[PDB]
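Below you'll find the structure, written out as structure tokens, and then a few comments.
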Protein chains: 6
Amino acid sequence: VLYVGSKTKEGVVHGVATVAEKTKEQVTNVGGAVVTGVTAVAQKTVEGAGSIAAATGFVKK
Amino acid sequence: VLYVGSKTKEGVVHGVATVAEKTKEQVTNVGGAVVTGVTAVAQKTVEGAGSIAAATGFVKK
Amino acid sequence: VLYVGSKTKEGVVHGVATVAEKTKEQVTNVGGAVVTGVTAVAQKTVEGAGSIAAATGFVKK
Amino acid sequence: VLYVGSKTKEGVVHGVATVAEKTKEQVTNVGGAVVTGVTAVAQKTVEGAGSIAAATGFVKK
Amino acid sequence: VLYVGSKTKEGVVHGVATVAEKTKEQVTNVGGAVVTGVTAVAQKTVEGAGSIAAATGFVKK
Amino acid sequence: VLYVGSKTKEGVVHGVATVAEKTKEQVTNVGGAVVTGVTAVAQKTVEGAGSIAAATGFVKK
């Protein structure tokens, strides 16, 4: 009946420092799904299904 | 009946520093899905399904 | 009945510094989907399905 | 008698990413020396004295 | 008599990522020396005295 | 008589990631020397005295 919110964080990323020194980097995909290199991601879903790094091979019927 | 929000963060990214030194980088895809290199992403979905880095192979019926 | 919002962030990215030194970078796609190099993206969807980096192979019926 | 140099780095800075979120920042000096906020500096001195961030109070004789 | 150098690094900084979230930051100096916040600095001195972050109070004679 | 150098690093810093979350930070100096916050520094001195973070109170004669 009364919701008093204040400074309330939800699905939040802050203060990230990364270093990635790589001399070679390959990704070879054939007919599938590949998710690589996600970093510092945030979301908030209301009344729905949410996925950050979701991979699936194939959906058949 | 009364919602008093204040400084309320939702799905927020802030304060990211990245360095990526790579000498070679390849991605070879054949008939699929490849998601690579996502960084510092944010979203907020109301009454819907939300996905940040979603890969799928194929949807058949 | 009364919504008093203030300084409320939603789906927000701020304060990002990136450096990407790469000597070679290739992407070879054949009949699929490839999403690469997303950085500092934000969105907010009301009553709809939202996707940031979504890849799909093919939708058949 | 023969100096063959190649790709020889000396006094070199490369590939720096910084983020500095500060809400207040003061510096109060009275009759002295204050050096603040040096970042990504490089030099090379031949036959001479070199200093990057040197502070001194006073030189009297 | 013959110096063959190759890819020889000297006084080199590379690949640094820093994040500094500070809400307040003060420096109060009175008649002295203050060196603050040096980051990612490089130098090379030949036949001379070199100093990176050197502070001194006062030199009297 | 023959110096064959190759990929020889000297005084080198590489691959540093730091995060510094501080809510308050003060430095109060009176007639002295204060060195604070050095990070990722490199140097190489030939035939001379070198100092990275050197503090001294005062030199009198």
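Chain identifiers are assigned as A, B, and so on, following the order in which chains appear in the structure tokens; residues are numbered from 1 within each chain, and ligands are numbered from 1 in order of appearance.
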What does chain A look like once superposed on chain E, all Cα atoms paired in sequence order, least squares? Give it as an mmCIF file with N, CA and C atoms, in the first residue's frame.
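Contents of part_8.cif, freshly written:
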```
data_model
loop_
_atom_site.group_PDB
_atom_site.id
_atom_site.type_symbol
_atom_site.label_atom_id
_atom_site.label_comp_id
_atom_site.auth_asym_id
_atom_site.auth_seq_id
_atom_site.Cartn_x
_atom_site.Cartn_y
_atom_site.Cartn_z
ATOM 1 N N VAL A 1 81.750 -3.834 -29.569
ATOM 2 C CA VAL A 1 82.203 -3.599 -30.934
ATOM 3 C C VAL A 1 81.050 -3.848 -31.904
ATOM 4 N N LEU A 2 80.157 -4.768 -31.545
ATOM 5 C CA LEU A 2 78.940 -4.984 -32.322
ATOM 6 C C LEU A 2 77.825 -5.320 -31.347
ATOM 7 N N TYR A 3 76.830 -4.448 -31.263
ATOM 8 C CA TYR A 3 75.681 -4.648 -30.394
ATOM 9 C C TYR A 3 74.458 -4.839 -31.272
ATOM 10 N N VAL A 4 73.914 -6.047 -31.279
ATOM 11 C CA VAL A 4 72.720 -6.361 -32.048
ATOM 12 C C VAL A 4 71.570 -6.496 -31.061
ATOM 13 N N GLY A 5 70.764 -5.448 -30.940
ATOM 14 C CA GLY A 5 69.595 -5.460 -30.084
ATOM 15 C C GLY A 5 68.371 -5.818 -30.898
ATOM 16 N N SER A 6 67.357 -6.359 -30.228
ATOM 17 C CA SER A 6 66.123 -6.731 -30.914
ATOM 18 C C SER A 6 65.029 -6.921 -29.875
ATOM 19 N N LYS A 7 63.914 -6.218 -30.053
ATOM 20 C CA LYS A 7 62.735 -6.354 -29.199
ATOM 21 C C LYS A 7 63.081 -6.234 -27.720
ATOM 22 N N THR A 8 64.086 -5.428 -27.405
ATOM 23 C CA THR A 8 64.576 -5.324 -26.038
ATOM 24 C C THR A 8 63.873 -4.144 -25.380
ATOM 25 N N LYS A 9 62.992 -4.423 -24.432
ATOM 26 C CA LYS A 9 62.272 -3.391 -23.710
ATOM 27 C C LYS A 9 63.081 -2.927 -22.511
ATOM 28 N N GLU A 10 63.004 -1.632 -22.205
ATOM 29 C CA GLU A 10 63.698 -1.069 -21.046
ATOM 30 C C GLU A 10 62.874 0.069 -20.471
ATOM 31 N N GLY A 11 62.517 -0.032 -19.203
ATOM 32 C CA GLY A 11 61.674 0.971 -18.608
ATOM 33 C C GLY A 11 60.370 1.087 -19.349
ATOM 34 N N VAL A 12 59.527 0.068 -19.279
ATOM 35 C CA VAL A 12 58.328 -0.021 -20.101
ATOM 36 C C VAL A 12 57.160 -0.467 -19.238
ATOM 37 N N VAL A 13 56.011 0.171 -19.417
ATOM 38 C CA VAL A 13 54.777 -0.217 -18.751
ATOM 39 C C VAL A 13 53.731 -0.445 -19.826
ATOM 40 N N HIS A 14 53.026 -1.571 -19.763
ATOM 41 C CA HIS A 14 51.978 -1.796 -20.741
ATOM 42 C C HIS A 14 50.936 -2.761 -20.212
ATOM 43 N N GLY A 15 49.678 -2.440 -20.468
ATOM 44 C CA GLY A 15 48.583 -3.313 -20.112
ATOM 45 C C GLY A 15 48.063 -3.110 -18.714
ATOM 46 N N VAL A 16 47.661 -1.894 -18.385
ATOM 47 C CA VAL A 16 47.215 -1.538 -17.047
ATOM 48 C C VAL A 16 45.768 -1.090 -17.117
ATOM 49 N N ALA A 17 44.940 -1.599 -16.215
ATOM 50 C CA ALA A 17 43.563 -1.153 -16.094
ATOM 51 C C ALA A 17 43.268 -0.867 -14.640
ATOM 52 N N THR A 18 42.897 0.366 -14.331
ATOM 53 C CA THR A 18 42.633 0.744 -12.956
ATOM 54 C C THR A 18 41.278 1.407 -12.866
ATOM 55 N N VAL A 19 40.622 1.239 -11.733
ATOM 56 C CA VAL A 19 39.390 1.941 -11.420
ATOM 57 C C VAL A 19 39.533 2.497 -10.017
ATOM 58 N N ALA A 20 39.178 3.766 -9.837
ATOM 59 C CA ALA A 20 39.331 4.443 -8.555
ATOM 60 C C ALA A 20 38.047 5.187 -8.226
ATOM 61 N N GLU A 21 37.162 4.556 -7.476
ATOM 62 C CA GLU A 21 35.943 5.203 -7.021
ATOM 63 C C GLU A 21 36.162 5.763 -5.623
ATOM 64 N N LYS A 22 36.248 7.085 -5.510
ATOM 65 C CA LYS A 22 36.438 7.729 -4.221
ATOM 66 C C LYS A 22 35.404 8.821 -4.041
ATOM 67 N N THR A 23 34.778 8.850 -2.875
ATOM 68 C CA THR A 23 33.738 9.836 -2.633
ATOM 69 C C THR A 23 34.285 11.187 -2.179
ATOM 70 N N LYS A 24 35.387 11.218 -1.436
ATOM 71 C CA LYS A 24 36.072 12.463 -1.143
ATOM 72 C C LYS A 24 37.564 12.196 -1.110
ATOM 73 N N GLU A 25 38.352 13.213 -1.441
ATOM 74 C CA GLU A 25 39.805 13.057 -1.502
ATOM 75 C C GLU A 25 40.444 14.429 -1.317
ATOM 76 N N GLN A 26 41.200 14.597 -0.234
ATOM 77 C CA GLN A 26 41.843 15.858 0.091
ATOM 78 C C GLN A 26 43.341 15.676 0.253
ATOM 79 N N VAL A 27 44.082 16.749 -0.002
ATOM 80 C CA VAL A 27 45.521 16.811 0.225
ATOM 81 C C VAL A 27 45.827 18.200 0.751
ATOM 82 N N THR A 28 46.367 18.285 1.960
ATOM 83 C CA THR A 28 46.674 19.561 2.594
ATOM 84 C C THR A 28 48.166 19.610 2.861
ATOM 85 N N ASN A 29 48.867 20.494 2.171
ATOM 86 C CA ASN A 29 50.304 20.619 2.314
ATOM 87 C C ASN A 29 50.633 21.986 2.873
ATOM 88 N N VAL A 30 51.664 22.043 3.712
ATOM 89 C CA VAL A 30 52.149 23.291 4.295
ATOM 90 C C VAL A 30 53.669 23.214 4.258
ATOM 91 N N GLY A 31 54.279 23.952 3.342
ATOM 92 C CA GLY A 31 55.719 24.109 3.326
ATOM 93 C C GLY A 31 56.541 22.860 3.089
ATOM 94 N N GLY A 32 55.985 21.850 2.429
ATOM 95 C CA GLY A 32 56.729 20.620 2.241
ATOM 96 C C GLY A 32 56.755 20.109 0.818
ATOM 97 N N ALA A 33 56.442 18.828 0.640
ATOM 98 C CA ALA A 33 56.301 18.220 -0.668
ATOM 99 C C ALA A 33 55.335 17.055 -0.560
ATOM 100 N N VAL A 34 54.413 16.957 -1.514
ATOM 101 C CA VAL A 34 53.437 15.870 -1.552
ATOM 102 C C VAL A 34 53.323 15.371 -2.986
ATOM 103 N N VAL A 35 53.559 14.082 -3.191
ATOM 104 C CA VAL A 35 53.408 13.439 -4.487
ATOM 105 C C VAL A 35 52.344 12.370 -4.348
ATOM 106 N N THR A 36 51.284 12.477 -5.137
ATOM 107 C CA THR A 36 50.161 11.559 -5.014
ATOM 108 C C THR A 36 49.622 11.184 -6.385
ATOM 109 N N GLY A 37 49.206 9.935 -6.526
ATOM 110 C CA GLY A 37 48.486 9.489 -7.689
ATOM 111 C C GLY A 37 49.297 9.205 -8.925
ATOM 112 N N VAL A 38 50.539 8.781 -8.791
ATOM 113 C CA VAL A 38 51.322 8.382 -9.952
ATOM 114 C C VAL A 38 50.879 6.992 -10.385
ATOM 115 N N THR A 39 50.737 6.785 -11.693
ATOM 116 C CA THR A 39 50.298 5.502 -12.224
ATOM 117 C C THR A 39 50.729 5.369 -13.673
ATOM 118 N N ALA A 40 51.319 4.224 -14.000
ATOM 119 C CA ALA A 40 51.756 3.914 -15.358
ATOM 120 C C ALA A 40 52.759 4.943 -15.877
ATOM 121 N N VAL A 41 53.935 4.964 -15.260
ATOM 122 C CA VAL A 41 55.003 5.883 -15.625
ATOM 123 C C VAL A 41 56.224 5.063 -15.989
ATOM 124 N N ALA A 42 57.016 5.546 -16.938
ATOM 125 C CA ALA A 42 58.221 4.844 -17.356
ATOM 126 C C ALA A 42 59.279 5.834 -17.813
ATOM 127 N N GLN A 43 60.544 5.541 -17.528
ATOM 128 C CA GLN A 43 61.620 6.350 -18.066
ATOM 129 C C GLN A 43 62.913 5.574 -18.059
ATOM 130 N N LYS A 44 63.883 6.087 -18.796
ATOM 131 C CA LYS A 44 65.198 5.479 -18.880
ATOM 132 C C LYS A 44 66.233 6.583 -18.987
ATOM 133 N N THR A 45 67.168 6.615 -18.046
ATOM 134 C CA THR A 45 68.162 7.672 -17.962
ATOM 135 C C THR A 45 69.532 7.077 -18.211
ATOM 136 N N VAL A 46 70.320 7.721 -19.059
ATOM 137 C CA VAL A 46 71.696 7.315 -19.307
ATOM 138 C C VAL A 46 72.614 8.388 -18.754
ATOM 139 N N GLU A 47 73.514 7.990 -17.864
ATOM 140 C CA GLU A 47 74.534 8.878 -17.315
ATOM 141 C C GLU A 47 73.907 10.062 -16.579
ATOM 142 N N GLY A 48 72.904 9.769 -15.772
ATOM 143 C CA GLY A 48 72.281 10.791 -14.960
ATOM 144 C C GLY A 48 71.369 10.137 -13.950
ATOM 145 N N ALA A 49 71.144 10.849 -12.859
ATOM 146 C CA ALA A 49 70.340 10.314 -11.778
ATOM 147 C C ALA A 49 68.871 10.597 -12.024
ATOM 148 N N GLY A 50 68.067 9.546 -12.021
ATOM 149 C CA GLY A 50 66.658 9.693 -12.322
ATOM 150 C C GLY A 50 65.738 9.253 -11.207
ATOM 151 N N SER A 51 64.666 9.992 -10.977
ATOM 152 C CA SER A 51 63.756 9.718 -9.884
ATOM 153 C C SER A 51 62.327 9.797 -10.380
ATOM 154 N N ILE A 52 61.470 8.893 -9.918
ATOM 155 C CA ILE A 52 60.113 8.862 -10.455
ATOM 156 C C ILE A 52 59.180 9.661 -9.566
ATOM 157 N N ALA A 53 59.007 9.238 -8.337
ATOM 158 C CA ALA A 53 58.199 9.993 -7.393
ATOM 159 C C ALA A 53 59.105 10.307 -6.215
ATOM 160 N N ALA A 54 59.805 11.426 -6.297
ATOM 161 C CA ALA A 54 60.719 11.852 -5.256
ATOM 162 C C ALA A 54 60.156 13.098 -4.599
ATOM 163 N N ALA A 55 60.003 13.058 -3.282
ATOM 164 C CA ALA A 55 59.598 14.215 -2.496
ATOM 165 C C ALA A 55 60.711 14.580 -1.521
ATOM 166 N N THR A 56 60.936 15.877 -1.332
ATOM 167 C CA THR A 56 61.922 16.390 -0.393
ATOM 168 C C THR A 56 61.354 17.593 0.345
ATOM 169 N N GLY A 57 61.729 17.738 1.609
ATOM 170 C CA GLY A 57 61.204 18.796 2.451
ATOM 171 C C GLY A 57 61.767 20.181 2.199
ATOM 172 N N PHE A 58 63.088 20.314 2.240
ATOM 173 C CA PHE A 58 63.772 21.508 1.772
ATOM 174 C C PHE A 58 65.261 21.254 1.844
ATOM 175 N N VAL A 59 66.005 21.880 0.944
ATOM 176 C CA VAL A 59 67.454 21.746 0.897
ATOM 177 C C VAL A 59 68.054 23.077 1.315
ATOM 178 N N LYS A 60 68.771 23.083 2.432
ATOM 179 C CA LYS A 60 69.324 24.300 3.001
ATOM 180 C C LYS A 60 70.838 24.216 2.988
ATOM 181 N N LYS A 61 71.496 25.368 2.882
ATOM 182 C CA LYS A 61 72.949 25.453 3.036
ATOM 183 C C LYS A 61 73.350 26.743 3.749
#
```
Strand (DSSP E) positions in stretch 6-61 of chain B, given as number ranges by chain: B: 10-22, 26-30, 34-36, 39-46, 51-56
